[PDB]
Amino acid sequence: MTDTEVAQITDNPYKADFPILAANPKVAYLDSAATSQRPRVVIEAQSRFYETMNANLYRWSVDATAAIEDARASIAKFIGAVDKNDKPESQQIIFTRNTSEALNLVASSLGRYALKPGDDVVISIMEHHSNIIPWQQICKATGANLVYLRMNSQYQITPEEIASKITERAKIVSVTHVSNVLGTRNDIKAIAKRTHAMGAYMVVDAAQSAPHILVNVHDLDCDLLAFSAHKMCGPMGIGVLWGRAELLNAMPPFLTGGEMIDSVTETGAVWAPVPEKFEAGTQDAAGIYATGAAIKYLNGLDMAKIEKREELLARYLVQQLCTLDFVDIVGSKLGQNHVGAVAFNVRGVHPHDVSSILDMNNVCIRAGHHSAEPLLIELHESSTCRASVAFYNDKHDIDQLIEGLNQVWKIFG
Amino acid sequence: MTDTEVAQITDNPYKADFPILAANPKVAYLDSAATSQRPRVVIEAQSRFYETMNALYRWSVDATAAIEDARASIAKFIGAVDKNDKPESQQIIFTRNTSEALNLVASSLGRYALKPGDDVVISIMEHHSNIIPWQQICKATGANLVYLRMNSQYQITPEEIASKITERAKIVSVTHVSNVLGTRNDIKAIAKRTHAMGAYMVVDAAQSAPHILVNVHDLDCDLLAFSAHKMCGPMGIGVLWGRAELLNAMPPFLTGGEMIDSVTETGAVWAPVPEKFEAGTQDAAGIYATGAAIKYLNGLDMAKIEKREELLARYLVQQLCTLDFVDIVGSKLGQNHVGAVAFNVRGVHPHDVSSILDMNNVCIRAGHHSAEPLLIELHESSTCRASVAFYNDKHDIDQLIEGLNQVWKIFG
Ligand SMILES: *Cc1c(COP(=O)(O)O)cnc(C)c1O
Ligand SMILES: *Cc1c(COP(=O)(O)O)cnc(C)c1O
């Protein structure tokens with residue numbers, strides 16, 4: 001890393017936007033892969049909704065409706081879901097609680113729609129649990145087979161592995177865009193091309209890519225894409241599912257009840273149009289509003305500027321972890337091959353000990369399986385530490401982790 | 001109504017706790033049956049969580065402790081306490097809303113208990129979220145969807161209860177309070193017949209939890225669901241309570257992270273209840289603010305809240321009855337309304353009534369109120385609905401009555 005690159009991450013022009021970070025200047029929060037800290041403008045936007053337009057034809061409900069629709073449009077534009085006139089395709093944005101529910105919705109609705117016995121559902125060994133178990137469940141129910149894309153020695157899914165596992169039997173392919181443990185960026189567009197050539201649907205878990213890299217559903221050629229707002233400076237409780245307009249109309253509803261209907265009788269019901277077809281009951285309008293505020297915040301900061309800073313932070317994190325001979329990185333030792341997350345272990349020390357000591361030094365990391373236990377079994381690991389970076393981190397935060405790990409070794413080495 | 005009762009609802013010792021009402025003194029919000037307004041302390045608790053403990057490090061331990069305190073508060077609020085009065089926090093499951101909890105129950109309890117030929121019994125009063133999940137699970141299991149009907153006084157009689165809940169019944173799911181009629185159903189009595197038939201009792205408490213005392217042990221229900229946003233909590237938080245043995249027997253609903261104990265490539269071992277039913281990152285801040293709403297409601301005393309809202313409902317029905325051009329959809333006795341009063345201005349579409357009322361800063365709901373099978377039973381296509389909460393007052397209701405006269409002047 002050059003003198004200038006290190007200088008760029010020594011400066012921190014973003015940390016002050018976050019009240020919890022400004023109020024706790026000694027704390028080095030390196031667990032953004034789990035959830036983000038909240039920008040002040042996102043917190044006040046949620047409180048502002050509840051104070052000024054809280055409603056579920058009167059004026060408050062009309063404003064709340066307009067605030068929701070503007071948030072759908074902002075989210076659609078953020079992931080490139082725009083029509084030929086750049087008009088955002090807001091009606092292809094479906095709100096959930098998190099990525100987990102969106103993937104449950106997809107596996108249930110798309111699985112019932114498309115899966116026949118003998119079909120193949122292809123996922124990767126890097127998948128988060130929420131992109132595994134809904135497929136275990138629906139495969140057993142439809143008679144379909146669950147197929148796994150494996151990695152090579154460099155934690156990558158090769159084109160040969162893509163063509164070897166995605167065969168004619170494939171009906172659904174659901175792959176994470178970025179691994180929440182390895183930080184590998186998977187070639188989603190290339191996987192989609194093979195997936196479509198075999199007549200299958202492409203689902204993308206973008207929970208770890210939406211906060212860090214450019215997401216464009218049209219350039220990615222995916223049929224469905226899901227992510228969580230709380231991982232990109234939005235509030236908790238809001239997940240997003242984008243869907244190809246024709247596919248969402250064919251897909252059957254997931255949750256049923258109020259607000260997803262057009263009419264109901266004692267014995268049947270007629271479904272509402274998309275996206276209302278997939279949103280049952282009272283939605284979190286304030287959380288949706290605050291998510292739109294998060295998009296406007298990220299837009300104003302420039303995602304290209306965010307990505308550039310987060311590549312440098314990731315490289316500095318991997319580079320500085322590599323100077324500790326008692327640290328084994330779980331993944332690539334090349335920082336540029338890490339988006340966000342860097343998994344590692346202090347040799348012979350359980351991650352629970354590493355994390356407990358690091359918190360005594362005001363360092364927040366994640367320890368355990370990281371909801372990717374099949375991946376860890378593949379790599380012969382019971383548990384790992386995981387440090388993750390966001391644009392509001394800086395060089396000092398990483399140095400504080402490195403100094404904290406020397407204190408871990410001094411105690412457990 | 002006595003002279004003191006009118007003076008009681010004339011004074012309003014609560015609405016100043018709600019920033020949107022204090023900032024808009026001219027607005028008469030009578031749509032609390034759709035959603036509550038937020039007390040200041042509930043809004044600040046949500047902001048406070050994100051500013052102070054948003055997350056084995058300190059912030060995560062604090063957020064874990066804050067979430068568990070909220071479960072305990074919610075369980076004690078609905079009387080879910082053990083034999084030592086300790087709240088049964090592990091029987092509280094968080095959803096987005098009542099709708100998702102009812103979808104969870106219908107899917108998980110239906111798969112666990114429904115056999116072909118079994119009866120699922122609901123009532124004609126049900127909200128759509130307590131209808132369609134039963135339509136769906138019945139079509140899949142070969143069960144029958146049976147309806148408890150009303151008498152001429154909008155009540156479910158003991159005779160109808162015994163007639164419809166028969167030996168073939170496996171699941172009974174009835175609303176505690178109608179979101180259109182305001183009728184309070186005898187949930188304890190329905191559960192008695194339900195359990196004698198060897199069936200499970202499910203309660204939609206979305207319209208009762210904010211108004212009347214809910215005690216899961218006195219109601220004898222097996223599962224109960226409600227929404228926090230209808231009881232001064234934030235949106236996005238729903239609550240499902242269940243008997244501990246029943247929640248263990250019930251299969252998971254959503255699957256994925258956080259609800260497991262271990263995972264392999266081909267299978268998974270589930271976490272214990274309630275984590276078994278909570279997949280992925282939960283809305284910890286909304287959970288925290290929901291506990292703050294419980295603390296706020298506890299400080300006001302439900303017995304005081306119910307007593308005030310009973311007076312407001314009586315005044316609303318009494319005043320609506322003074323208009324010859326208003327037809328109440330439901331009982332004409334105000335004490336038979338919990339919260340909600342549905343009505344129609346003769347010959348005027350509810351959309352017209354609501355448009356004019358908004359010009360007069362009156363907020364009501366117009367349409368089907370997500371209870372279309374009920375309106376079809378009552379030969380209505382659409383109605384207005386005004387609803388009362390403790391932070392309403394006599395002025396709000398009078399403003400509605402005056403606005404209704406402006407409606408008749410324009411469309412009568
Ligand atoms: C509002 C309502 C529901 C649904 O509540 P949501 O929060 O919208 O899911 C269920 N039952 C009754 C009686 C209701 O009034
Ligand atoms: C965090 C994560 C999920 C689950 O996200 P939730 O918001 O907790 O539902 C899914 N996939 C990946 C890659 C993740 O990192």
# chains A, B, ... in the order shown; residues from 1 in each chain; ligands from 1

$ residues_near_ligand --ligand "ligand 2" --cutoff "9 Å" --atoms "only C-alpha atoms and all ligand atoms" --output "PyMOL selection string"
(chain A and resi 33-35+97-103+126-131+176-181+205-209+226-231+236-239+370-372) or (chain B and resi 256-258+279-282)

$ select_by_dssp --residues "range 359-391 of chain A" --states "helix (DSSP H, G or I)" --output "PDB file with N, CA, C and O atoms, in the first residue's frame"
ATOM      1  N   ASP A 359     -12.988  -6.909  23.097  1.00  0.00           N
ATOM      2  CA  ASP A 359     -13.978  -5.991  23.649  1.00  0.00           C
ATOM      3  C   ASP A 359     -13.434  -5.242  24.859  1.00  0.00           C
ATOM      4  O   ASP A 359     -13.782  -4.075  25.070  1.00  0.00           O
ATOM      5  N   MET A 360     -12.585  -5.892  25.662  1.00  0.00           N
ATOM      6  CA  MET A 360     -11.900  -5.186  26.740  1.00  0.00           C
ATOM      7  C   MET A 360     -11.033  -4.059  26.200  1.00  0.00           C
ATOM      8  O   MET A 360     -10.798  -3.065  26.898  1.00  0.00           O
ATOM      9  N   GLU A 373     -21.960 -22.310   8.487  1.00  0.00           N
ATOM     10  CA  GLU A 373     -21.339 -23.496   9.064  1.00  0.00           C
ATOM     11  C   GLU A 373     -20.984 -24.554   8.017  1.00  0.00           C
ATOM     12  O   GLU A 373     -19.932 -25.193   8.144  1.00  0.00           O
ATOM     13  N   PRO A 374     -21.810 -24.795   6.988  1.00  0.00           N
ATOM     14  CA  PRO A 374     -21.356 -25.693   5.912  1.00  0.00           C
ATOM     15  C   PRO A 374     -20.080 -25.229   5.235  1.00  0.00           C
ATOM     16  O   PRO A 374     -19.272 -26.067   4.814  1.00  0.00           O
ATOM     17  N   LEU A 375     -19.875 -23.916   5.110  1.00  0.00           N
ATOM     18  CA  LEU A 375     -18.626 -23.416   4.548  1.00  0.00           C
ATOM     19  C   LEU A 375     -17.451 -23.742   5.459  1.00  0.00           C
ATOM     20  O   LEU A 375     -16.394 -24.187   4.994  1.00  0.00           O
ATOM     21  N   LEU A 376     -17.620 -23.529   6.766  1.00  0.00           N
ATOM     22  CA  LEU A 376     -16.533 -23.777   7.707  1.00  0.00           C
ATOM     23  C   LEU A 376     -16.175 -25.257   7.756  1.00  0.00           C
ATOM     24  O   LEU A 376     -14.996 -25.615   7.869  1.00  0.00           O
ATOM     25  N   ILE A 377     -17.180 -26.132   7.674  1.00  0.00           N
ATOM     26  CA  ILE A 377     -16.921 -27.568   7.622  1.00  0.00           C
ATOM     27  C   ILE A 377     -16.131 -27.916   6.366  1.00  0.00           C
ATOM     28  O   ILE A 377     -15.221 -28.754   6.396  1.00  0.00           O
ATOM     29  N   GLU A 378     -16.466 -27.271   5.246  1.00  0.00           N
ATOM     30  CA  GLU A 378     -15.725 -27.470   4.003  1.00  0.00           C
ATOM     31  C   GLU A 378     -14.257 -27.091   4.166  1.00  0.00           C
ATOM     32  O   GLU A 378     -13.374 -27.737   3.590  1.00  0.00           O
TER      33      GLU A 378
END

$ interface_residues --of "chain A" --to "chain B" --cutoff "7 Å" --atoms "only C-alpha atoms" --output "PyMOL selection string"
chain A and resi 19-20+35+37-38+43+47+50-52+54-59+98+100-101+104+129-131+133-134+136+236-237+255-258+264-268+280-284+355-356+359+364+371+373-374

$ residues_around --residues "residue 143 in chain A" --least-positions-apart "2" --cutoff "9 Å" --atoms "only C-alpha atoms" --output "number ranges by chain"
A: 115-119, 138-141, 145

$ residues_around --residues "residue 192 in chain B" --least-positions-apart "2" --cutoff "12 Å" --atoms "only C-alpha atoms" --output "PyMOL selection string"
chain B and resi 158+161-162+165+172+186-190+194-201+218-222

$ residues_around --residues "range 71-80 of chain B" --least-positions-apart "6" --cutoff "7 Å" --atoms "only C-alpha atoms" --output "compact mmCIF listing (two decimals) with N, CA and C atoms, in the first residue's frame"
# COMPACT_ATOMS: atom_id res chain seq x y z
N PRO B 87 -42.31 -13.51 34.52
CA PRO B 87 -42.84 -13.52 33.15
C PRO B 87 -42.22 -14.61 32.29
N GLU B 88 -43.07 -15.29 31.51
CA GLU B 88 -42.64 -16.36 30.62
C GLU B 88 -42.14 -15.75 29.30
N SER B 89 -40.94 -15.18 29.37
CA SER B 89 -40.40 -14.46 28.22
C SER B 89 -40.13 -15.39 27.04
N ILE B 92 -42.70 -15.73 24.07
CA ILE B 92 -43.03 -14.55 23.27
C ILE B 92 -42.20 -14.62 21.99
N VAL B 214 -55.89 -8.41 28.64
CA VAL B 214 -55.59 -9.68 28.00
C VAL B 214 -54.76 -10.50 28.97
N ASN B 215 -55.28 -11.66 29.35
CA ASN B 215 -54.60 -12.58 30.26
C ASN B 215 -54.68 -13.96 29.63
N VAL B 216 -53.56 -14.44 29.08
CA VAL B 216 -53.57 -15.68 28.31
C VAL B 216 -53.97 -16.86 29.18
N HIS B 217 -53.74 -16.78 30.49
CA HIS B 217 -54.07 -17.90 31.36
C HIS B 217 -55.55 -17.93 31.69
N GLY B 291 -41.16 -2.47 24.15
CA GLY B 291 -41.08 -2.52 25.60
C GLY B 291 -41.33 -1.17 26.24
N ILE B 294 -44.98 -0.68 26.36
CA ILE B 294 -45.53 -1.42 27.49
C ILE B 294 -45.32 -0.64 28.78

$ decode --residues "range 257-398 of chain B" --atoms "C-alpha atoms" --output "PDB file, in the first residue's frame"
ATOM      1  CA  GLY B 257     -29.868 -17.964  10.215  1.00  0.00           C
ATOM      2  CA  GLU B 258     -30.381 -17.411  13.949  1.00  0.00           C
ATOM      3  CA  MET B 259     -33.168 -20.022  14.206  1.00  0.00           C
ATOM      4  CA  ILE B 260     -30.868 -23.075  14.105  1.00  0.00           C
ATOM      5  CA  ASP B 261     -28.626 -24.858  16.481  1.00  0.00           C
ATOM      6  CA  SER B 262     -26.334 -26.392  13.800  1.00  0.00           C
ATOM      7  CA  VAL B 263     -26.354 -26.754   9.989  1.00  0.00           C
ATOM      8  CA  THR B 264     -24.869 -29.217   7.478  1.00  0.00           C
ATOM      9  CA  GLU B 265     -25.014 -29.230   3.673  1.00  0.00           C
ATOM     10  CA  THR B 266     -28.149 -31.402   3.698  1.00  0.00           C
ATOM     11  CA  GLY B 267     -29.871 -30.765   7.040  1.00  0.00           C
ATOM     12  CA  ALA B 268     -30.172 -28.591  10.141  1.00  0.00           C
ATOM     13  CA  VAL B 269     -30.986 -28.868  13.848  1.00  0.00           C
ATOM     14  CA  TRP B 270     -33.391 -26.216  15.100  1.00  0.00           C
ATOM     15  CA  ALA B 271     -32.711 -23.781  17.930  1.00  0.00           C
ATOM     16  CA  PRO B 272     -35.040 -23.772  20.965  1.00  0.00           C
ATOM     17  CA  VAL B 273     -38.175 -21.639  21.224  1.00  0.00           C
ATOM     18  CA  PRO B 274     -38.567 -18.659  20.623  1.00  0.00           C
ATOM     19  CA  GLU B 275     -35.432 -18.424  18.477  1.00  0.00           C
ATOM     20  CA  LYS B 276     -36.784 -21.376  16.467  1.00  0.00           C
ATOM     21  CA  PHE B 277     -39.381 -19.015  14.954  1.00  0.00           C
ATOM     22  CA  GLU B 278     -37.197 -15.907  14.449  1.00  0.00           C
ATOM     23  CA  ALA B 279     -35.133 -16.112  11.254  1.00  0.00           C
ATOM     24  CA  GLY B 280     -32.427 -13.584  10.477  1.00  0.00           C
ATOM     25  CA  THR B 281     -31.684 -10.207  11.995  1.00  0.00           C
ATOM     26  CA  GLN B 282     -34.570  -9.003  14.151  1.00  0.00           C
ATOM     27  CA  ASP B 283     -35.723  -5.401  14.563  1.00  0.00           C
ATOM     28  CA  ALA B 284     -34.043  -4.952  17.930  1.00  0.00           C
ATOM     29  CA  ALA B 285     -34.772  -1.214  18.052  1.00  0.00           C
ATOM     30  CA  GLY B 286     -38.465  -1.769  17.354  1.00  0.00           C
ATOM     31  CA  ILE B 287     -38.494  -4.512  19.987  1.00  0.00           C
ATOM     32  CA  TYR B 288     -36.901  -2.090  22.459  1.00  0.00           C
ATOM     33  CA  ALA B 289     -39.433   0.632  21.627  1.00  0.00           C
ATOM     34  CA  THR B 290     -42.262  -1.889  22.044  1.00  0.00           C
ATOM     35  CA  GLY B 291     -41.083  -2.524  25.595  1.00  0.00           C
ATOM     36  CA  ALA B 292     -41.100   1.238  26.118  1.00  0.00           C
ATOM     37  CA  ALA B 293     -44.715   1.277  24.928  1.00  0.00           C
ATOM     38  CA  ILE B 294     -45.534  -1.418  27.493  1.00  0.00           C
ATOM     39  CA  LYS B 295     -43.808   0.653  30.181  1.00  0.00           C
ATOM     40  CA  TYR B 296     -45.732   3.724  29.006  1.00  0.00           C
ATOM     41  CA  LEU B 297     -49.040   1.846  29.052  1.00  0.00           C
ATOM     42  CA  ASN B 298     -48.268   0.343  32.469  1.00  0.00           C
ATOM     43  CA  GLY B 299     -47.669   3.839  33.838  1.00  0.00           C
ATOM     44  CA  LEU B 300     -51.061   5.024  32.594  1.00  0.00           C
ATOM     45  CA  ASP B 301     -52.848   1.907  33.995  1.00  0.00           C
ATOM     46  CA  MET B 302     -54.982  -0.172  31.532  1.00  0.00           C
ATOM     47  CA  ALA B 303     -57.896  -0.038  33.978  1.00  0.00           C
ATOM     48  CA  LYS B 304     -57.877   3.739  33.581  1.00  0.00           C
ATOM     49  CA  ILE B 305     -57.329   3.408  29.816  1.00  0.00           C
ATOM     50  CA  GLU B 306     -60.207   0.952  29.387  1.00  0.00           C
ATOM     51  CA  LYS B 307     -62.522   3.068  31.547  1.00  0.00           C
ATOM     52  CA  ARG B 308     -61.793   6.188  29.488  1.00  0.00           C
ATOM     53  CA  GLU B 309     -62.114   4.371  26.157  1.00  0.00           C
ATOM     54  CA  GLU B 310     -65.434   2.850  27.235  1.00  0.00           C
ATOM     55  CA  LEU B 311     -66.742   6.364  27.898  1.00  0.00           C
ATOM     56  CA  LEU B 312     -65.398   7.647  24.572  1.00  0.00           C
ATOM     57  CA  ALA B 313     -66.973   4.759  22.658  1.00  0.00           C
ATOM     58  CA  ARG B 314     -70.301   5.388  24.401  1.00  0.00           C
ATOM     59  CA  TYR B 315     -70.164   9.086  23.503  1.00  0.00           C
ATOM     60  CA  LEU B 316     -69.197   8.279  19.905  1.00  0.00           C
ATOM     61  CA  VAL B 317     -72.155   5.920  19.475  1.00  0.00           C
ATOM     62  CA  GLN B 318     -74.519   8.259  21.338  1.00  0.00           C
ATOM     63  CA  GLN B 319     -73.563  11.230  19.160  1.00  0.00           C
ATOM     64  CA  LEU B 320     -73.649   9.231  15.921  1.00  0.00           C
ATOM     65  CA  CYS B 321     -77.177   8.149  16.895  1.00  0.00           C
ATOM     66  CA  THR B 322     -78.351  11.786  17.000  1.00  0.00           C
ATOM     67  CA  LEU B 323     -77.908  12.021  13.200  1.00  0.00           C
ATOM     68  CA  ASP B 324     -80.967  10.701  11.366  1.00  0.00           C
ATOM     69  CA  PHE B 325     -78.884  10.242   8.192  1.00  0.00           C
ATOM     70  CA  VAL B 326     -76.339   7.930   9.883  1.00  0.00           C
ATOM     71  CA  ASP B 327     -76.801   4.153   9.999  1.00  0.00           C
ATOM     72  CA  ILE B 328     -74.552   2.418  12.516  1.00  0.00           C
ATOM     73  CA  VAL B 329     -73.137  -0.856  11.192  1.00  0.00           C
ATOM     74  CA  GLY B 330     -73.223  -2.799  14.453  1.00  0.00           C
ATOM     75  CA  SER B 331     -74.960  -2.328  17.768  1.00  0.00           C
ATOM     76  CA  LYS B 332     -76.563   0.982  18.703  1.00  0.00           C
ATOM     77  CA  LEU B 333     -75.467   0.439  22.328  1.00  0.00           C
ATOM     78  CA  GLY B 334     -72.125   2.149  22.875  1.00  0.00           C
ATOM     79  CA  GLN B 335     -71.070  -0.230  25.647  1.00  0.00           C
ATOM     80  CA  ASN B 336     -71.082  -3.068  23.079  1.00  0.00           C
ATOM     81  CA  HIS B 337     -68.277  -1.356  21.120  1.00  0.00           C
ATOM     82  CA  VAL B 338     -64.614  -1.807  22.007  1.00  0.00           C
ATOM     83  CA  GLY B 339     -62.709   0.854  20.099  1.00  0.00           C
ATOM     84  CA  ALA B 340     -64.362   0.582  16.691  1.00  0.00           C
ATOM     85  CA  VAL B 341     -67.686   1.955  15.421  1.00  0.00           C
ATOM     86  CA  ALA B 342     -68.620   1.379  11.772  1.00  0.00           C
ATOM     87  CA  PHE B 343     -71.316   3.500  10.147  1.00  0.00           C
ATOM     88  CA  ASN B 344     -72.634   4.890   6.871  1.00  0.00           C
ATOM     89  CA  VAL B 345     -74.030   8.259   5.856  1.00  0.00           C
ATOM     90  CA  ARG B 346     -77.184   7.370   3.930  1.00  0.00           C
ATOM     91  CA  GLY B 347     -76.606   7.332   0.178  1.00  0.00           C
ATOM     92  CA  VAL B 348     -73.095   8.802   0.514  1.00  0.00           C
ATOM     93  CA  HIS B 349     -70.133   6.621  -0.401  1.00  0.00           C
ATOM     94  CA  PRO B 350     -67.635   6.200   2.474  1.00  0.00           C
ATOM     95  CA  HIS B 351     -64.901   7.611   0.226  1.00  0.00           C
ATOM     96  CA  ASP B 352     -66.943  10.816  -0.052  1.00  0.00           C
ATOM     97  CA  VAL B 353     -67.451  11.003   3.724  1.00  0.00           C
ATOM     98  CA  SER B 354     -63.732  10.551   4.368  1.00  0.00           C
ATOM     99  CA  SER B 355     -62.700  13.108   1.736  1.00  0.00           C
ATOM    100  CA  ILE B 356     -64.951  15.774   3.266  1.00  0.00           C
ATOM    101  CA  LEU B 357     -63.931  14.814   6.811  1.00  0.00           C
ATOM    102  CA  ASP B 358     -60.251  15.257   5.938  1.00  0.00           C
ATOM    103  CA  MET B 359     -61.074  18.780   4.759  1.00  0.00           C
ATOM    104  CA  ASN B 360     -62.358  19.260   8.323  1.00  0.00           C
ATOM    105  CA  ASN B 361     -59.202  17.627   9.781  1.00  0.00           C
ATOM    106  CA  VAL B 362     -61.048  14.448  10.830  1.00  0.00           C
ATOM    107  CA  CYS B 363     -59.328  11.102  10.215  1.00  0.00           C
ATOM    108  CA  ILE B 364     -61.532   8.047   9.649  1.00  0.00           C
ATOM    109  CA  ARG B 365     -61.212   4.851   7.636  1.00  0.00           C
ATOM    110  CA  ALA B 366     -63.432   4.088   4.649  1.00  0.00           C
ATOM    111  CA  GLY B 367     -63.816   0.884   2.669  1.00  0.00           C
ATOM    112  CA  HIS B 368     -63.848  -2.808   3.562  1.00  0.00           C
ATOM    113  CA  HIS B 369     -61.543  -2.561   6.621  1.00  0.00           C
ATOM    114  CA  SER B 370     -60.042  -5.920   5.557  1.00  0.00           C
ATOM    115  CA  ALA B 371     -63.252  -7.677   6.640  1.00  0.00           C
ATOM    116  CA  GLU B 372     -65.044  -8.148   3.309  1.00  0.00           C
ATOM    117  CA  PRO B 373     -66.730 -11.492   4.171  1.00  0.00           C
ATOM    118  CA  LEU B 374     -68.257  -9.717   7.175  1.00  0.00           C
ATOM    119  CA  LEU B 375     -69.620  -6.834   5.093  1.00  0.00           C
ATOM    120  CA  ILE B 376     -71.052  -9.305   2.570  1.00  0.00           C
ATOM    121  CA  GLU B 377     -72.801 -11.083   5.453  1.00  0.00           C
ATOM    122  CA  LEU B 378     -74.285  -7.711   6.490  1.00  0.00           C
ATOM    123  CA  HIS B 379     -75.240  -6.701   2.908  1.00  0.00           C
ATOM    124  CA  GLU B 380     -72.842  -3.747   2.917  1.00  0.00           C
ATOM    125  CA  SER B 381     -70.431  -2.921   0.118  1.00  0.00           C
ATOM    126  CA  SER B 382     -68.435  -0.396   2.163  1.00  0.00           C
ATOM    127  CA  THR B 383     -68.675   1.514   5.436  1.00  0.00           C
ATOM    128  CA  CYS B 384     -67.006   4.291   7.331  1.00  0.00           C
ATOM    129  CA  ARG B 385     -65.274   3.416  10.584  1.00  0.00           C
ATOM    130  CA  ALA B 386     -64.398   5.716  13.472  1.00  0.00           C
ATOM    131  CA  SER B 387     -62.371   4.369  16.388  1.00  0.00           C
ATOM    132  CA  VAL B 388     -61.472   5.764  19.803  1.00  0.00           C
ATOM    133  CA  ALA B 389     -58.343   5.619  21.945  1.00  0.00           C
ATOM    134  CA  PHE B 390     -57.504   7.038  25.361  1.00  0.00           C
ATOM    135  CA  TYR B 391     -55.729  10.059  23.839  1.00  0.00           C
ATOM    136  CA  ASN B 392     -58.966  11.093  22.108  1.00  0.00           C
ATOM    137  CA  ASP B 393     -61.470  13.404  23.788  1.00  0.00           C
ATOM    138  CA  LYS B 394     -65.000  14.760  23.489  1.00  0.00           C
ATOM    139  CA  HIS B 395     -63.770  17.510  21.154  1.00  0.00           C
ATOM    140  CA  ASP B 396     -62.492  14.945  18.640  1.00  0.00           C
ATOM    141  CA  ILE B 397     -65.895  13.248  18.531  1.00  0.00           C
ATOM    142  CA  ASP B 398     -67.832  16.521  18.297  1.00  0.00           C
TER     143      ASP B 398
END
